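These notes concern the structure reproduced below.
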Amino acid sequence: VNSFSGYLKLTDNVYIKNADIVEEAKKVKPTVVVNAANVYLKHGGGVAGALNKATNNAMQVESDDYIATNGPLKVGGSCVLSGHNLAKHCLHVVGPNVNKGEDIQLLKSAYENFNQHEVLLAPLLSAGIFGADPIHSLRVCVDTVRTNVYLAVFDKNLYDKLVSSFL
Ligand SMILES: OCc1nc2ccccc2[nH]1
């Protein structure tokens, strides 16, 4: 038994809720929150800017030091950093950005990062401003992630479409 409340169960291991991933993290303080990162860990908007704003920019300060030491992530890759006031840890995962021409096949590689963590609070990778079809992202998530994932879908309209079209 864990502290996640109000989720619809899609599969043995995948759960979904209409919620802002930021308010959910503040309430639950999960072990792992996933950020929809880019390779530069430049958290300007979407999930990353909203998460970073909730940390009062501490996420960006830590991320800049990480990049200065290690260089950019790979598309499909990840790193583990602090969760600040939101979670124990933040798993920064880079899904392909369709609005930059990145191979959508890299979405499965991105979701494979989640398998290194027993339980995660996450957004749909490559959705929102990353330009992928969220229905596709949920299918890849279900078919790739074997650990327990709690998906926060910010848009109520999209949430209802994801549930009602789920196979
Ligand atoms: O704080 C406004 C907000 N923008 C968001 C974008 C993506 C996910 C959650 C968000 N919350």
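Lettering and numbering for the structure tokens are positional, with chains as A, B, ... in the shown order, residues counted from 1 in each chain, and ligands counted from 1 in the shown order.
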
Give one line per residue of segment 50-164 of chain A that approaches segment 7-14 of chain A to at most 7 Å, naming the two atoms of the closest pair and their distance in Å to one decimal, counting only C-alpha atoms; sort by chain then ascending residue number and deliver it as a Markdown table.
| residue | atom | partner | partner_atom | distance |
| --- | --- | --- | --- | --- |
| A:142 | CA | A:14 | CA | 6.6 |
| A:146 | CA | A:13 | CA | 6.5 |
| A:147 | CA | A:13 | CA | 6.2 |
| A:148 | CA | A:13 | CA | 4.6 |
| A:149 | CA | A:14 | CA | 5.1 |
| A:150 | CA | A:14 | CA | 6.3 |

Cut-off 9 Å: closest chain A/ligand 1 atom pairs per residue, using only C-alpha atoms and all ligand atoms, as CSV:
residue,atom,partner,partner_atom_place_in_ligand_line,distance
A:19,CA,ligand 1,9 (C),8.1
A:20,CA,ligand 1,9 (C),4.8
A:21,CA,ligand 1,9 (C),5.5
A:22,CA,ligand 1,9 (C),6.1
A:23,CA,ligand 1,11 (N),8.3
A:36,CA,ligand 1,7 (C),9.0
A:45,CA,ligand 1,6 (C),6.8
A:46,CA,ligand 1,6 (C),3.8
A:47,CA,ligand 1,7 (C),3.9
A:48,CA,ligand 1,7 (C),7.5
A:49,CA,ligand 1,6 (C),7.3
A:50,CA,ligand 1,1 (O),4.8
A:51,CA,ligand 1,9 (C),7.6
A:53,CA,ligand 1,1 (O),7.8
A:54,CA,ligand 1,1 (O),8.1
A:123,CA,ligand 1,8 (C),7.6
A:128,CA,ligand 1,7 (C),7.3
A:129,CA,ligand 1,7 (C),8.7
A:152,CA,ligand 1,8 (C),8.3
A:153,CA,ligand 1,8 (C),7.7
A:154,CA,ligand 1,8 (C),5.6
A:155,CA,ligand 1,8 (C),8.5

Counting only C-alpha atoms, the residue of A:162, A:121, A:37, A:81 that sits nearest residue 138 of chain A: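 So, comparing all the options, the nearest one is A:162.
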
Secondary structure check, strand (DSSP E or B) residues of chain A, as a PyMOL selection string: chain A and resi 8-9+14-18+32-36+78-82+89-93+119-122+148-153

Resulting file, chosen residues, C-alpha atoms, as a CSV table (one decimal), in the first residue's frame:
chain,number,residue,atom,x,y,z
A,8,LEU,CA,-7.9,4.9,-12.2
A,9,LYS,CA,-6.1,1.6,-12.6
A,14,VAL,CA,-0.1,1.7,-14.6
A,15,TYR,CA,-2.4,4.1,-12.9
A,16,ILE,CA,-3.8,7.5,-14.2
A,17,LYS,CA,-5.3,10.7,-12.7
A,18,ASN,CA,-6.4,14.1,-13.9
A,32,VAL,CA,10.5,9.7,-7.4
A,33,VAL,CA,8.8,12.4,-9.5
A,34,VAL,CA,9.6,12.3,-13.3
A,35,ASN,CA,10.5,15.5,-15.1
A,36,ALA,CA,9.8,15.9,-18.8
A,78,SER,CA,17.8,10.3,-17.9
A,79,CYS,CA,19.6,11.3,-14.8
A,80,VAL,CA,18.6,11.2,-11.1
A,81,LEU,CA,18.9,14.5,-9.2
A,82,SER,CA,17.3,15.9,-6.0
A,89,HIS,CA,14.4,12.3,-6.1
A,90,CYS,CA,13.6,13.7,-9.5
A,91,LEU,CA,14.2,11.4,-12.5
A,92,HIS,CA,14.8,13.8,-15.4
A,93,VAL,CA,13.8,11.9,-18.5
A,119,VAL,CA,7.3,3.5,-7.9
A,120,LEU,CA,7.2,6.8,-9.8
A,121,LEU,CA,4.8,9.8,-10.2
A,122,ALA,CA,5.2,10.8,-13.9
A,148,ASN,CA,4.5,1.0,-10.7
A,149,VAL,CA,3.8,4.3,-12.4
A,150,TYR,CA,1.2,6.9,-11.3
A,151,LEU,CA,0.5,9.2,-14.3
A,152,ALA,CA,-0.7,12.8,-13.8
A,153,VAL,CA,-2.5,14.1,-16.8

Members of chain A assigned alpha helix (DSSP H) by DSSP, as number ranges by chain: A: 21-28, 46-54, 58-70, 106-112, 134-144, 156-164

Option closest in space to residue 157 of chain A, from A:101, A:30, A:134, A:95 [counting only C-alpha atoms]: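 With only C-alpha atoms as the atom set, the closest residue is A:134.
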
Shell around residue 94 of chain A at 6 Å using only C-alpha atoms, local window under 2 positions removed, as an MDAnalysis selection string: chainID A and resid 37:38 75:77

Given only C-alpha atoms as the counted atoms, nearest of A:43, A:4, A:62, A:113 to residue 27 of chain A: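 Of the candidates, the smallest distance to residue 27 of chain A is held by A:4.
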
Need to verify the contact set: residue 61 of chain A, 12 Å, only C-alpha atoms, exclusion of same-chain residues closer than 3 positions in sequence. Can you return it as a short mmCIF file (atom, residue, chain, number, x, y, z; two decimals) with N, CA, C and O atoms, in the first residue's frame?
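Final output, selection_27.cif:
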data_model
loop_
_atom_site.label_atom_id
_atom_site.label_comp_id
_atom_site.auth_asym_id
_atom_site.auth_seq_id
_atom_site.Cartn_x
_atom_site.Cartn_y
_atom_site.Cartn_z
N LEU A 41 18.69 20.15 -19.69
CA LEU A 41 18.02 20.39 -18.39
C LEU A 41 17.72 21.88 -18.25
O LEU A 41 17.83 22.42 -17.13
N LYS A 42 17.20 22.47 -19.32
CA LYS A 42 16.71 23.85 -19.27
C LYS A 42 15.21 23.84 -19.04
O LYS A 42 14.45 23.45 -19.95
N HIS A 43 14.80 24.06 -17.80
CA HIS A 43 13.41 23.82 -17.35
C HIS A 43 12.55 25.07 -17.58
O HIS A 43 12.19 25.70 -16.63
N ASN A 52 10.10 23.19 -11.87
CA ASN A 52 11.22 24.04 -11.44
C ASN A 52 10.71 25.27 -10.69
O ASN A 52 11.28 25.63 -9.62
N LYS A 53 9.63 25.89 -11.16
CA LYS A 53 9.05 27.05 -10.47
C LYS A 53 8.67 26.64 -9.04
O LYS A 53 8.90 27.44 -8.11
N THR A 55 10.07 24.58 -7.10
CA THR A 55 11.33 24.51 -6.33
C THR A 55 11.98 25.87 -6.16
O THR A 55 13.11 25.90 -5.64
N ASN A 56 11.36 26.96 -6.56
CA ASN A 56 11.94 28.31 -6.42
C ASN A 56 13.25 28.34 -7.20
O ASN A 56 14.17 29.07 -6.79
N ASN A 57 13.35 27.63 -8.32
CA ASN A 57 14.52 27.61 -9.23
C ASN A 57 15.67 26.75 -8.68
O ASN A 57 16.70 26.72 -9.32
N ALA A 58 15.52 26.10 -7.53
CA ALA A 58 16.61 25.25 -7.04
C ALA A 58 16.86 24.09 -8.00
O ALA A 58 18.03 23.68 -8.16
N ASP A 64 22.02 23.03 -13.70
CA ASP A 64 23.14 23.73 -14.38
C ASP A 64 24.49 23.18 -13.92
O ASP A 64 25.38 23.04 -14.77
N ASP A 65 24.62 22.93 -12.63
CA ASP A 65 25.86 22.32 -12.12
C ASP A 65 25.99 20.94 -12.75
O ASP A 65 27.13 20.54 -13.13
N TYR A 66 24.94 20.12 -12.85
CA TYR A 66 25.02 18.77 -13.44
C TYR A 66 25.52 18.86 -14.88
O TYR A 66 26.42 18.10 -15.28
N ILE A 67 24.99 19.78 -15.67
CA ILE A 67 25.38 19.89 -17.08
C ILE A 67 26.82 20.40 -17.21
O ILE A 67 27.57 19.92 -18.09
N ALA A 68 27.19 21.35 -16.39
CA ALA A 68 28.56 21.88 -16.41
C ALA A 68 29.55 20.74 -16.16
O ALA A 68 30.68 20.79 -16.70
N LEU A 81 18.42 13.37 -9.98
CA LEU A 81 18.87 14.51 -9.18
C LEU A 81 17.95 14.65 -7.97
O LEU A 81 17.02 13.81 -7.78
N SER A 82 18.13 15.68 -7.19
CA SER A 82 17.28 15.90 -6.03
C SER A 82 15.83 16.12 -6.42
O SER A 82 15.56 16.74 -7.44
N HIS A 84 14.08 18.02 -4.32
CA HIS A 84 13.87 19.31 -3.63
C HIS A 84 12.66 19.15 -2.69
O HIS A 84 12.63 18.17 -1.93
#

Interatomic distance (Å, one decimal) between atom CA of residue 136 of chain A and atom CA of residue 103 of chain A: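 Distance between the two atoms: 13.7 Å.
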
Nearest to residue 160 of chain A, chosen from A:87, A:135, A:141, A:107, with only C-alpha atoms counted in the distances: A:135

Spatial neighbours of residue 140 of chain A, max dist 12 Å, only C-alpha atoms, sep filter under 3 positions, as a list in words: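 Here the qualifying residues turn out to be residues 14, 95, 104, 105, 106, 107, 108, 109, 110, 111, 112, 124, 125, 126, 127, 132, 133, 134, 135, 136, 137, 143, 144, 145, 146 and 166 of chain A.
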
Suppose we keep C-alpha atoms; can you now write the selection as a PDB file, in the first residue's frame?
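File part_1.pdb, as written:
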ATOM      1  CA  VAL A  14      -0.065   1.669 -14.555  1.00  0.00           C
ATOM      2  CA  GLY A  95      11.540  12.009 -24.445  1.00  0.00           C
ATOM      3  CA  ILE A 104       9.520   8.980 -31.931  1.00  0.00           C
ATOM      4  CA  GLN A 105      11.049   5.423 -31.652  1.00  0.00           C
ATOM      5  CA  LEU A 106      13.159   6.978 -28.840  1.00  0.00           C
ATOM      6  CA  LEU A 107       9.999   7.250 -26.716  1.00  0.00           C
ATOM      7  CA  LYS A 108      10.281   3.542 -25.722  1.00  0.00           C
ATOM      8  CA  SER A 109      13.954   4.071 -24.672  1.00  0.00           C
ATOM      9  CA  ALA A 110      12.831   7.079 -22.595  1.00  0.00           C
ATOM     10  CA  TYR A 111      10.177   5.044 -20.727  1.00  0.00           C
ATOM     11  CA  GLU A 112      12.716   2.218 -20.087  1.00  0.00           C
ATOM     12  CA  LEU A 124       3.196  11.228 -20.200  1.00  0.00           C
ATOM     13  CA  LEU A 125       6.579  11.508 -21.945  1.00  0.00           C
ATOM     14  CA  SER A 126       6.786  13.536 -25.158  1.00  0.00           C
ATOM     15  CA  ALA A 127       3.206  14.872 -24.586  1.00  0.00           C
ATOM     16  CA  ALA A 132       3.770  13.657 -29.574  1.00  0.00           C
ATOM     17  CA  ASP A 133       0.287  12.096 -29.564  1.00  0.00           C
ATOM     18  CA  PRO A 134      -0.511  11.493 -25.857  1.00  0.00           C
ATOM     19  CA  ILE A 135      -2.593   8.364 -26.769  1.00  0.00           C
ATOM     20  CA  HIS A 136       0.572   6.899 -28.320  1.00  0.00           C
ATOM     21  CA  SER A 137       2.647   7.919 -25.286  1.00  0.00           C
ATOM     22  CA  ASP A 143       3.885  -1.659 -23.103  1.00  0.00           C
ATOM     23  CA  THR A 144       7.335  -0.604 -21.697  1.00  0.00           C
ATOM     24  CA  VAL A 145       7.148   0.234 -17.971  1.00  0.00           C
ATOM     25  CA  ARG A 146       6.988  -2.787 -15.644  1.00  0.00           C
ATOM     26  CA  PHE A 166      -7.580   3.038 -23.683  1.00  0.00           C
TER      27      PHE A 166
END
